[PDB]
Amino acid sequence: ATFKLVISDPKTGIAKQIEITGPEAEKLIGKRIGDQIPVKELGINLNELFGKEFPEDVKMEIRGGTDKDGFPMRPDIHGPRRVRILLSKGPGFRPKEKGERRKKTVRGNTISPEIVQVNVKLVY
Amino acid sequence: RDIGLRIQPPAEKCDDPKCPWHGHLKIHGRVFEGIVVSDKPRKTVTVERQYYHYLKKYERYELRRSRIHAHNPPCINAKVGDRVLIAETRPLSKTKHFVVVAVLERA
Amino acid sequence: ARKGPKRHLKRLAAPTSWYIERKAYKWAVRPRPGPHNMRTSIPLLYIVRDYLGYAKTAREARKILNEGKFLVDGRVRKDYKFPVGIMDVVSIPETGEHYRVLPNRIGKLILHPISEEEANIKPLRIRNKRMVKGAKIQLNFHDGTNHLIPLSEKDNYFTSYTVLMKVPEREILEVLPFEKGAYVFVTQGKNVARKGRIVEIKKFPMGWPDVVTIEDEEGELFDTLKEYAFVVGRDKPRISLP
Amino acid sequence: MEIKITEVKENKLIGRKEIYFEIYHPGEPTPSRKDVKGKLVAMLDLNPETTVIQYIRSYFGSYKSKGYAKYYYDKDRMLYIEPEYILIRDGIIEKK
RNA sequence: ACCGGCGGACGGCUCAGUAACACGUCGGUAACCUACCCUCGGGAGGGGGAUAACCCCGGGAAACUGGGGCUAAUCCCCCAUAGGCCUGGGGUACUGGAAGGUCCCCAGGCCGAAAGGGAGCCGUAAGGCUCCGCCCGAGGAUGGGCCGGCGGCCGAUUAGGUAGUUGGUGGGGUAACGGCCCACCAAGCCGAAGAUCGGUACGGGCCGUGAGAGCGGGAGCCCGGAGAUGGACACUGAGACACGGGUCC
Ligand SMILES: [Mg+2]
Ligand SMILES: [Mg+2]
Ligand SMILES: [Mg+2]
Ligand SMILES: [Mg+2]
Ligand SMILES: [Mg+2]
Ligand SMILES: [Mg+2]
Ligand SMILES: [Mg+2]
Ligand SMILES: [Mg+2]
Ligand SMILES: [Mg+2]
Ligand SMILES: [Mg+2]
Ligand SMILES: [Mg+2]
Ligand SMILES: [Mg+2]
Ligand SMILES: [Zn+2]
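About the cut-offs
- Residues numbered from 1 in each chain as written, not as in the entry; some residues may be left out.
- Chains lettered and ligands numbered in written order.
- Part of a larger assembly, values for the part shown.
- Heavy atoms only, no water.
- UniProt positions renumbered as here; feature names shortened; annotations may be inferred.
- Helix = DSSP H or I, 4+ residues; strand = E, 2+ residues; numbered from the N terminus.
- Contact = heavy atoms within 4.5 Å.
- Buried area = accessible area lost by both parts, 1.4 Å probe.
- Salt bridge = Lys/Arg side-chain N within 4 Å of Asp/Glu carboxyl O.
- Polar contact = N/O pair within 3.5 Å; in protein donor to acceptor, adjacent residues only side chain to side chain.
- Expected span 1.5 Å × (residues − 1).
- Domains from an automatic or database assignment.
- Near = heavy atom within 4 Å.
- Nonpolar A, V, L, I, M, F, W, Y, C, P; charged D, E, K, R; others polar.
- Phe/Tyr/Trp six-rings, centres within 6.5 Å; stacked < 30°, edge-to-face > 60°.
- Buried < 20%, exposed > 50% of the residue type's maximum accessible area, 1.4 Å probe, protein only.

Explain the UniProt feature "domain: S4 RNA-binding" in chain C here, please?
UniProt feature "domain: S4 RNA-binding": in the numbering of this structure it lies at residues 42–104 of chain C. Between the C-alpha atoms that bound residues 42–104 of chain C there is a distance of 14 Å. The span itself is 29% helix and 32% strand.

Here it is as structure tokens:
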């Protein structure tokens with residue numbers, strides 16, 4: 001499984017994208033939204049990406065993602081399944097009209113091989 | 001007491017909140033006179049009034065009758081065969097929209 | 001109206017009291033809510049454009065209104081939809097003229113020229129009267145407006161009396177009672193625009209309205225509804241009427 | 001052609017005067033706007049820059065025409081009040 | 001260009017459904033809702049918050065749509081006061097034909113306002129002087145909801161029909177009265193003066209014809225009703241279960 005990573009540094013507003021595949025991407029298969037994991041264990045030359053010194057034992061947390069067909073993930077839905085539900089706000093629906101509700105296809109919480117993009121932010 | 005009719009009130013009092021003389025009911029609109037032809041249901045009567053209708057083509061008349069269901073307060077307690085006065089009111093049931101306010105001639 | 005308020009008005013369905021050519025166009029101005037009712041008033045655009053002739057088109061009538069050239073009951077009115085009704089005063093100060101709005105013998109609204117002095121007063125018939133918080137009295141007039149009086153004055157005002165009011169200051173200056181011998185002007189019905197004196201008053205049971213007999217100048221007696229009889233004087237008119 | 005003035009009315013609210021007139025001309029074509037304007041401004045002592053001709057109308061079997069014109073005391077008031085099409089059609093301004 | 005405000009429920013189209021309080025007409029609401037407008041009486045004190053736009057990185061074949069950074073309001077949320085609603089006990093100020101209504105005084109509760117914002121001059125500044133605005137209360141106006149009496153097709157080779165059916169008592173629900181819906185108690189309700197069922201059809205102003213009495217029609221314009229491929233059901237809003245908005249079959 002190949003994951004395309006979007007790493008966001010909250011102390012700068014700057015983000016970097018790298019691609020990670022192989023045994024490294026296998027560990028990340030199974031974590032939900034809102035849980036941390038050290039970057040040294042995940043395996044990344046972090047100081048090279050941003051050109052900045054970093055504190056030791058830093059870590060990152062999973063914030064979101066998109067699947068192979070282009071559908072995003074929803075924090076409030078459990079598991080890795082894909083669903084089609086009626087929405088009025090939140091991730092996966094931009095309303096455009098007062099009280100508008102629309103049915104949309106969305107993903108779940110657990111990471112899966114179908115997922116492509118993974119958005120995380122650095123937590124010092 | 002007067003309720004705008006100009007007629008004498010009943011002999012005795014009652015506790016019915018749906019009574020226009022001793023309760024909170026209000027009367028407004030048409031006032032009809034008729035004859036009772038049924039009194040079986042509790043506190044309900046049927047009143048029938050006759051009138052003539054003109055047929056223009058035949059220059060003659062025919063007789064028609066109007067039947068109305070009305071509420072019968074306990075202080076009045078009208079029965080079959082007597083002449084009554086009835087007054088229009090707010091809806092009281094599916095078919096009842098009038099109240100008996102006086103017996104004119106006991107049968 | 002399947003789902004909401006109506007906002008349009010066809011010419012053919014316009015009120016019968018307006019002077020308007022009913023087949024010349026498709027649409028008429030739908031008047032805005034305000035003082036009088038639909039049967040006794042007319043939008044101000046027809047006064048500026050159709051009656052007086054100070055403008056040819058709606059666009060230049062609106063420019064005249066927005067500059068503040070027309071006064072109704074002493075106040076500047078800019079809305080071309082504003083309803084102008086019975087007993088109002090229309091004033092043009094840049095030309096120095098004043099009119100009172102009154103119904104015709106046929107029931108149509110017309111403009112009656114008046115003096116500059118008489119333009120300061122508006123008669124108001126008392127339509128309703130009520131108690132209000134603080135134990136004061138609110139008077140509700142025929143043109144929809146309201147006034148407050150103290151509890152000590154409660155015996156000097158009753159429904160169907162007329163109050164002469166100084167405008168736009170809204171100050172009372174005279175109370176004209178409804179009684180026998182008073183002078184009245186009819187505002188609605190078959191005997192509209194006739195005037196005279198009160199002879200008798202009659203009442204009926206169960207909410208049917210009360211009726212008045214009136215003697216005119218030539219000595220004839222006629223009846224009308226009490227609420228159609230607008231007091232204008234004691235034994236002579238206090239305003240100029242045709 | 002012979003011109004007769006029927007009515008001259010003052011409109012202070014708009015700031016203009018409104019002029020109705022007749023032209024008698026047996027055996028001649030309908031007079032042009034330029035000729036009518038020149039005759040009118042000579043006959044009333046008007047600045048021709050603020051004189052607008054609303055219309056000239058001929059009738060079925062008649063030897064005369066009826067006309068309507070307006071005269072403003074101020075050029076800017078004229079440009080603010082009158083529609084663009086009538087000022088162009090009268091040669092007061094140029095069509096873009 | 002975006003956030004924010006108002007409008008998009010009118011106007012336009014058609015006549016499928018409907019024999020019904022759908023329509024015409026006279027009355028009723030003391031049994032009700034109403035943004036925009038008019039008059040009068042009052043108010044605008046103290047706090048907090050995110051986020052579009054914009055910059056970094058993107059996903060998806062597309063329709064669409066994700067994470068991080070940062071920001072304002074007439075945007076949003078709290079505290080206070082004013083105010084609103086329910087019930088119990090007194091007093092009699094008002095309207096009306098008639099007070100379960102209005103007004104005054106005690107008492108137990110619950111709900112609960114606001115943008116002094118914007119523009120222009122006189123201002124050295126201080127502060128005025130106008131214009132457009134914000135919130136509450138009383139009444140009107142405008143647009144509607146609901147109810148009643150009366151009036152207008154064909155069939156007996158359709159004669160009996162109804163069982164929440166008809167009425168009562170106690171509640172719930174609704175903006176509001178109501179078998180509108182429930183619990184309990186009765187046997188009522190409609191019908192040869194044609195019930196019920198079946199047929200056909202949007203109703204009226206009007207239109208064709210005839211000396212008239214009559215007979216026939218009701219597309220085009222105006223007023224009322226209904227519908228948006230068929231059948232169901234919701235969100236926002238003063239107003240919709242919404243023709244150019246949403247959900248299922
Ligand atoms: Mg009444
Ligand atoms: Mg729409
Ligand atoms: Mg519509
Ligand atoms: Mg049928
Ligand atoms: Mg009806
Ligand atoms: Mg019927
Ligand atoms: Mg509060
Ligand atoms: Mg109840
Ligand atoms: Mg049909
Ligand atoms: Mg028919
Ligand atoms: Mg057609
Ligand atoms: Mg189609
Ligand atoms: Zn009784």
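Looking at this structure, I do not really get the interface of chain D and chain C. What am I missing?
Frequently, the measure chosen for interface size is the accessible area that the parts lose on association. Counting residues at the interface gives eight residues for chain D, matched by ten residues for chain C. Both faces considered, chain D and chain C share a buried interface measuring about 880 Å² in area, 52% of it formed by carbon and sulfur atoms. When the area that chain D buries against chain C is broken down by residue, the three leading residues are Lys12, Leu13 and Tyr80 of chain D, summing to 58%. Where chain D touches chain C, the interface holds two salt bridges.

It is not clear to me how the interface of chain C and chain B should be interpreted in this structure. Could you clarify?
Taken together, the contacts link five residues of chain C with nine residues of chain B. In total, about 420 Å² of surface goes out of reach between chain C and chain B, with carbon and sulfur atoms giving 63% of it. When the buried area of chain C at its contact with chain B is split by residue, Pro205, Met206 and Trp208 of chain C rank highest and sum to 92% of it. Linking chain C with chain B are zero salt bridges. Seen at the junction of chain C and chain B, the total is zero residue pairs in polar contact.

Looking at this structure, I do not really get helix α1 (residues 33–44) of chain D. What am I missing?
All names here are of chain D. Here α1 contains twelve residues, and its C-alpha end-to-end distance of 16 Å stays within 8% of the 16 Å for a straight helix at 1.5 Å per residue. Buried positions along α1 lie against β1 (2–11), β2 (16–24), β3 (51–58) and β4 (64–72). Note on α1: the residue one or two positions beyond its end, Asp45, has a positive phi of about 65°.

Explain the domain arrangement of chain C here, please?
Residues and elements named next belong to chain C. Segmenting chain C into domains produces domain 1 (1–119), domain 2 (120–178) and domain 3 (179–242). Domain 2 and domain 3 are separated by 20 Å when their C-alpha centres are compared. Interface of domain 2 and domain 3: buried area, both sides summed, is about 1300 Å²; carbon and sulfur atoms make up 66% of it. When the buried area of domain 2 at its contact with domain 3 is split by residue, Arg125, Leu176 and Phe178 rank highest and sum to 50% of it. If you look at where domain 2 meets domain 3, you find two salt bridges. Between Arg238 and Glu174 there is a salt bridge; the shortest N-O distance is 2.7 Å. Across the domain 2-domain 3 interface, the total number found is four residue pairs in polar contact. Within the residue set of the side of domain 2 that touches domain 3, elements represented by two or more residues are β8 (121–132), β11 (162–166) and β12 (171–176). The leading source of residues in the side of domain 2 that touches domain 3 is β8, at four residues.

Where do I start with the protein's contact with RNA strand E in this structure?
Around RNA strand E, the surrounding shell holds 107 residues, and the nearest of these are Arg101 of chain A, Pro91 and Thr95 of chain B together with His8 and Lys154 of chain C. Close to the protein, within 4 Å, the atoms of RNA strand E are drawn from sugar and phosphate at a rate of 75%. Interatomic distance of 3.4 Å between a side-chain N/O atom of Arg63 of chain A and a phosphate oxygen of RNA strand E. One nitrogen or oxygen atom from the side chain of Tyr51 of chain B is found 3.1 Å from a phosphate oxygen belonging to RNA strand E. The greatest single-element share of the surface near RNA strand E, amounting to six residues, is contributed by strand β3 (residues 60–71) of chain B. Here the surface near RNA strand E is built from residues that sort into 26 nonpolar, 35 polar and 46 charged.

For this particular structure, what's the right way to read the packing of aromatic side chains?
The geometry of two aromatic rings is summed up by the distance between their centres and the angle between their planes. Evaluation of the coordinates by the stated rule reveals eleven aromatic pairs over all chains. Measuring from centroid to centroid gives 5.9 Å for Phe158 of chain C and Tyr161 of chain C, while their planes differ by 70°, and the two rings are edge-to-face. Ring plane angle 10° and centroid distance 4.4 Å describe the contact between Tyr20 of chain D and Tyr68 of chain D, whose orientation is recorded as stacked. With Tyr20 of chain D in strand β2 and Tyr68 of chain D in strand β4, the pair connects residues that are 48 residues apart, well separated along the chain. We classify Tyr20 of chain D as partly exposed; its relative accessible area is 32%. On the basis of relative accessibility, which here comes to 10%, the residue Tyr68 of chain D falls in the buried class.

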